[PDB]
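Provided below as structure tokens are two forms of one protein chain, presented individually as structure 1 and structure 2.
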Structure 1
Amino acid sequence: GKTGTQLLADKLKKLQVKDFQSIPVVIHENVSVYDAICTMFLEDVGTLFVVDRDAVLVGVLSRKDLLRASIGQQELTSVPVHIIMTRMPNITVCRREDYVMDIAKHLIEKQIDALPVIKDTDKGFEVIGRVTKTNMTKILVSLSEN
């Protein structure tokens, strides 16, 4: 590329998820909404990925979903999370080899803080990481130095 900003853009475009992921926080689908909330504060995350008895991705839960559940008219804190989780038709994943910038674009478009990183297996998607707006914020800071 011809200018220093173009060289910066080219490098940013090559960054891969495998290098900029966080550890994932995963709960089983039959854990209660209350237990999910406790896990969120225990682990200090704002998103949880939900898996089945084979540890395959079945759902995602955001802090907003849990607040909604907790404050509403129905008693939902006692129910299994699979009642309230976002399901697979509506879940976006990414893989280790994908580009960080393409994931950032998804975060912004889908108005969500985190995506799961998965590995394809014969049983479905195994969760191996998380990439978040916080990860992106860290990349931005690092640019200013080196």
Structure 2
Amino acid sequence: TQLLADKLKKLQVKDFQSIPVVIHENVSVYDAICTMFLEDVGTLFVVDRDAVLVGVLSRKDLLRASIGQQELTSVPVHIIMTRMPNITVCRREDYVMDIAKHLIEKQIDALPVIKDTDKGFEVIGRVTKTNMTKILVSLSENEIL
């Protein structure tokens, strides 16, 4: 059954990514939490003015913040975001299997799908445990490839 595993290891992000949810880095912690409920997501991708990736913000970053009791309404998200270097990203041609393992090796719920531009790492989707769970329902229902 090794060529079957081979073939799964070649499913690509292109086909299984969700949209990106992004915020500007100069947005407040309060505003980012708001966006989190409006978009009903679990991770936000933080961008700079033009509009390259610069960090990420999970439910736990924000909860940590709101329990910290700084002036939330004034406090910009670059203060608390997880920053570049230093985020696990992927690209549309990356294999979902690899991505699944990163999500496990690194215990995070989502990766950003970036694109190498003449601006930098721009954000063009996400891939998350939900995507993985969907790919896993699709296979059990024999609906892939």
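Note that the rigid core is defined as the largest set of C-alphas that superpose within 1.5 Å between two forms. Residue indices: 1-based, along structure 1.
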> If you line up the core, which of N30, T39, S62, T77 has a CA that moves 2 Å or more between the two structures?
Replying inline: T77
>> Please give the CA displacement of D10 between the two structures, in Å, after core superposition.
In response: 2.8
> Hey, core superposed, how many Å does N90 shift at the CA between the two structures?
Replying inline: 1.6
> With both forms fitted on the core, how large is the C-alpha shift of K105 between the two structures in Å?
Replying inline: 0.2
